[PDB]
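Shown next, in structure tokens, is the structure this report addresses.
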Amino acid sequence: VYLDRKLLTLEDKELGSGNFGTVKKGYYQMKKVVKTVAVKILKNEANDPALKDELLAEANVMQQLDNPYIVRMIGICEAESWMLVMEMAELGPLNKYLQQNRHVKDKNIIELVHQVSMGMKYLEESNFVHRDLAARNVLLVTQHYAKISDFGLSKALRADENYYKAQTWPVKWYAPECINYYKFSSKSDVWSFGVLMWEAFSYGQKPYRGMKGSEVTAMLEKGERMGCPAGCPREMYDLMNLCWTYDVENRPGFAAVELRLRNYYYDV
Ligand SMILES: COc1cccc(OCc2cc(C)ccn2)c1-c1ccc2c(c1)CCNCC2
Ligand SMILES: [Br-]
Ligand SMILES: [Br-]
Ligand SMILES: [Br-]
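Letter by letter, the sequence shown follows residues 363 to 530, 534 to 633 of PDB author numbering.
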């Protein structure tokens, strides 16, 4: 079940770092080829079983997903540290990529956000809620191929329920029902997707610039929304506003969102 540490070779440099530990590039020896991998290495210096459980829960979610627009997990490796081994998205986070590549065309942005919506449509069908959907968690394989990453806050909904009730955030990406009722659904992921669209069409600018979480909640309760980014097609801004529908019951699901993007990409 677990991967063989002797078949894994890691680079010295870190791709990124956090409280969890590090993400490093590596190579996993397969039957005859070697596969480039991104390895999330758990820094659990104090042997906290909570942090261990968090990595294992993330791995448990990823093992159940199989879609071209979601980062694939290769396996877990129990070695010097606990390691989650994943396919490599070489070009990195979408927000950083667009910050450094402002020549990327509107049509290319639509292509990438449509791919994200196809991954999310699959997640919604599979009854998983992501709970951390943001441009920073969309990774590029190529300039024309995006994948959803970072399932650490994700929840597998029970067969008889439509939402997850929290006990606790990236408030700028959260729907009002998340803040007011602590309820997370595929519809709250749609709200987040609207913020992600705004980020992408803004070439990786931060949403609600300079504002505190409390100020964002107040703005939204007044019915105010972020504006149309420079160069963003009206039809895409209209879709962003639909994702930011206040009442969860009237907000679209990912089937509707993906269809709108699909039609706009291919028909226009
Ligand atoms: C400047 O950052 C990068 C630059 C290039 C590649 C990167 O990773 C390639 C990757 C990562 C993973 C988890 C799976 C598959 N491929 C990253 C990078 C570094 C840290 C994190 C990520 C991305 C995801 C976002 N969450 C924080 C953790
Ligand atoms: Br090594
Ligand atoms: Br961010
Ligand atoms: Br935030």
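Every residue gets a Cβ at the ideal spot worked out from N, C-alpha and C, and that includes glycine.
Excluding the 5 residues preceding and the 5 following residue i in the sequence, name in chain order all residues of the same chain whose CB lies nearer than 6 Å to its CB.
i	result
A540	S553 and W556
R367	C439 and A441
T610	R616
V433	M448, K509 and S511
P594	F566 and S567
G578	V536
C597	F566
Whole angstroms is fine: what's the gap from residue i's alpha carbon to residue j's?
i	j	result
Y602	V613	19 Å
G383	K402	7 Å
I471	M562	9 Å
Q529	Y547	7 Å
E416	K483	25 Å
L456	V560	13 Å
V633	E373	44 Å
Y629	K405	44 Å
residue 642	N606	There is no way to answer for residue 642, as the model of the chain reaches only from 363 to 633.
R574	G514	25 Å
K587	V536	16 Å
Taking DSSP as the reference, what is the three-state secondary structure of residue i?
i	result
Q477	helix
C608	helix
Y573	coil
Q426	helix
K368	helix
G437	strand
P541	helix
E449	strand
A583	helix
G559	helix
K517	strand
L404	strand
residue 333	In the structure as shown, the chain starts at 363 and stops at 633, and residue 333 therefore has no counterpart that could be examined.
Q462	coil
Under 6 Å from any heavy atom of ligand 2, does the C-beta of residue i make it?
i	result
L515	no
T398	no
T371	yes
If you drop the 5 nearest sequence neighbours on each side, which residues of the same chain put their C-beta closer than 8 Å to that of residue i?
i	result
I436	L365, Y390, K397, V399, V447, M448 and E449
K375	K386 and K387
residue 344	In the structure as shown, the chain begins at 363 and stops at 633. Residue 344 is therefore absent and cannot be evaluated.
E623	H476, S479, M480, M482 and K483
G569	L456, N457, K458, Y459, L460, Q461 and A497
Once you ignore the five residues that flank residue i on each side, which residues in its own chain have a CB closer than 7 Å to its CB?
i	result
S516	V423, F490, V491, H492 and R493
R625	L604
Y459	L453 and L502
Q425	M435
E600	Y629
Under 7 Å, CB to nearest heavy atom of ligand 1: contacting residues: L377, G378, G380, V385, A400, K402, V433, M448, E449, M450, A451, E452, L453, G454, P455, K458, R498, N499, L501, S511 and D512
Ligand 4 site residues, beta-carbon cut 5 Å against heavy atoms: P535, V536 and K537
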